[PDB]
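Some notes on the structure that comes next.
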Amino acid sequence: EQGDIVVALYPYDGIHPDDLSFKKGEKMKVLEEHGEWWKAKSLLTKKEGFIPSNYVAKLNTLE
Numbered sequence: 001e002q003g004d005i006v007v008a009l010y011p012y013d014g015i016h017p018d019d020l021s022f023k024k025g026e027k028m029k030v031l032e033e034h035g036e037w038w039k040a041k042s043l044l045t046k047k048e049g050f051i052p053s054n055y056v057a058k059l060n061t062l063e
């Protein structure tokens, strides 16, 4: 859901300006879920952009 903290499982290089580029282990805040791609904010760079949702996992997976 919106505001959840996620961690990158694999790195990803954005191909377009609206994408975030991240490394494995990078922490991001999910802003909006839009199917396969989510809008997120890198907690390291504070930059926002779309990320492939299959490349991240919730830091909280139990609840």
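To convert, note that position 49 of the sequence shown is 49 in this note's numbering; the numbers rise steadily by one, no gaps. For each residue, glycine too, the CB sits at the ideal point set by N, CA and C.
Distance between residue j and residue i (C-alpha atoms, nearest Å)
| i | j | result |
| --- | --- | --- |
| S21 | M28 | 11 Å |
| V7 | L59 | 6 Å |
| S53 | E36 | 6 Å |
| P17 | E63 | 33 Å |
| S42 | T61 | 19 Å |
| residue 70 | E1 | Given that the chain is displayed from residue 1 to residue 63, the structure contains no residue 70 and the question cannot be resolved. |
| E32 | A40 | 7 Å |
Residue i, DSSP secondary structure in three states
| i | result |
| --- | --- |
| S53 | helix |
| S42 | strand |
| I15 | coil |
| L20 | coil |
| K47 | coil |
Counterpart residues of residue i in DSSP-defined beta bridges
| i | result |
| --- | --- |
| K58 | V6 |
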